[PDB]
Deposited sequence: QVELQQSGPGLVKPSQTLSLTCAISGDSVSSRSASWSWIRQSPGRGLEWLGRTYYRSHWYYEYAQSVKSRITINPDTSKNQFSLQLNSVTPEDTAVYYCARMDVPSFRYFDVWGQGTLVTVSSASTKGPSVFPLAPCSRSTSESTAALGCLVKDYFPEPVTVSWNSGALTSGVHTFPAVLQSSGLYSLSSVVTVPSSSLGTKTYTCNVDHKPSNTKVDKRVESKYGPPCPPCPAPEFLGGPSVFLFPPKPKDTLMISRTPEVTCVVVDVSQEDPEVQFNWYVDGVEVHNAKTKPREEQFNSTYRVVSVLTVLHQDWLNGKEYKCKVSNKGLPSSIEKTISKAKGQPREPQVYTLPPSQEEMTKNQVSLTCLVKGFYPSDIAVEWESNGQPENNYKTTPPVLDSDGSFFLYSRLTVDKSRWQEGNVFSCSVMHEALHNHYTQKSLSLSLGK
């Protein structure tokens, strides 16, 4: 894998010359398939290509019109590198500069990029940072520590903790330019409160422009349950496996090990598959129990009760789920072509109206030429004045595909349909 390594100072005095170098590893600067390029990025102007150098039995140079009078990109075949020279810089040249490989004459994509160099146009002198500790003044399991890095110029600084050993819970804030014209930022880390007495925490600040590395030791003085039904498609297909899912969140580390007891119409069952505790990013635990349900049992209105017991709750949390009670009603399925007013667009809407169904549990999918179409959204079921439900499904297709006469189909799975399935086609007349 080809690598580009950028070097050169980012701080340039106004009217002076910006000089950067891009060292290539894994490819040749003389490659007949590559173009060795420079691209800059700034908020507001965005990504802007500056130019390229490339060899095709002769060295060629191409530059963006805006910088043509001040730019030079020179290859060096001895060191396998290429440079950027931008003369008479102004504050408008402040940006991140990247070198990049444009490759393959047939595609000309930029597949390999340098790390970028932050270029600041300023007459101000380079100044290394001062670093101060951030420690609490004086119950809580987690503590925060940090370092305040200030009075430096230009950007950037790199901050590490314990020489790079500590990365978890580290937040290094973006720098802010102060009224003094110097930058300031803080780097923080959250650590276990128990470790504060035995473990040391040191921030390391690298400021390459001033060639300084600064070290600073920083010295210091519930559960919820959710019960999910099976997916409507699973209950209606004998080849699919319907399941009810019990999820426990906000389980604490201090009070773990949850007890899962199930009840099918009040009768305890012991075939559930309980997964082990999973630690979350917010330091809590999540536990999941999955109970395979019999297709006909769910469809006949059986009740599935999940009882959860944990030290965090005195009264055991219970949740009960079942299919909606009431007489099942067959859905009517209608396909509607795009409006003629929508034919002015590159993309058109294919509509599927599904109405008169009960219960609201339903599955709607789209297909074309025996393959699933995924660029659709279906509304939730909506209650009609007659107690039944309706919804609409909208498939977005390229106008060309619709105009070509391709047949699109809306498939619906519901318990009140014959063989739990119906399909309705839609194509241009």
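Next item on the list: Residue ranges with no C-alpha coordinates, please: along the deposited sequence, counted from 1, in order.
Entry: Absent from the structure are positions 139-141, 225-239, 448-450.
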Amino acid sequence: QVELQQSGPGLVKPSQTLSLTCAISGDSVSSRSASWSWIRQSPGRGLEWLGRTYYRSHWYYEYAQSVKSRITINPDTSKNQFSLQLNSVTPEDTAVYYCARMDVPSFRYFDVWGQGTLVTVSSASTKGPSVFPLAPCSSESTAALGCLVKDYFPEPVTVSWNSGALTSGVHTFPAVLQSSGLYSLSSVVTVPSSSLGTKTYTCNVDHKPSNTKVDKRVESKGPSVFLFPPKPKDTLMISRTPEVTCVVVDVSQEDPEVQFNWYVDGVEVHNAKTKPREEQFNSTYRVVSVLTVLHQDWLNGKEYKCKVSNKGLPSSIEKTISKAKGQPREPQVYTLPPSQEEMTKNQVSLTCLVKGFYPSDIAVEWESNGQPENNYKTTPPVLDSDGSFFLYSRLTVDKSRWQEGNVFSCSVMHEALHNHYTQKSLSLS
From here on, numbers count along this sequence of modelled residues.
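Check: Would 301-309 or 184-192 have the larger average of its C-alpha temperature factors, as given in the entry?
Finding: Higher mean C-alpha B-factor: 301-309.
Checklist line | Stretch exceeding the other in mean C-alpha B-factor - 411-419, 21-29 | finding: Higher mean C-alpha B-factor in the PDB entry: 411-419.
Check: Looking at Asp103, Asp151, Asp265, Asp93, which has the biggest Cα B factor in the entry?
Finding: If I rank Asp103, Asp151, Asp265, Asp93 by C-alpha B-factor, first place goes to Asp265.
Check: Highest Cα B-factor in the PDB entry belongs to which of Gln178, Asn271, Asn282, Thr351?
Finding: The C-alpha B-factor peaks, among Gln178, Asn271, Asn282, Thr351, at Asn271.
Check: Lowest, middle or highest third of the chain for the C-alpha temperature factor of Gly10?
Finding: It falls in the middle third of the chain.
Notebook entry, point to check: What third of the chain, by the recorded C-alpha B-factor, contains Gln403?
Noted result: According to the entry, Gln403 has a C-alpha B-factor in the chain's highest third.
Note to self: Splitting the chain's C-alpha B-factors into thirds, which one does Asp76 fall into?
What the structure shows: Ranked within chain, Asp76 CA B lands in the middle tercile.
Next item on the list: Could you say whether, by C-alpha temperature factor, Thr117 belongs to the lowest, middle or highest third of its chain?
Entry: According to the entry, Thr117 has a C-alpha B-factor in the chain's lowest third.
Next item on the list: Please place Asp111 in the lowest, middle or highest third of its chain by C-alpha B factor as given in the entry.
Entry: For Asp111, the deposited C-alpha B-factor lands in the lowest third.
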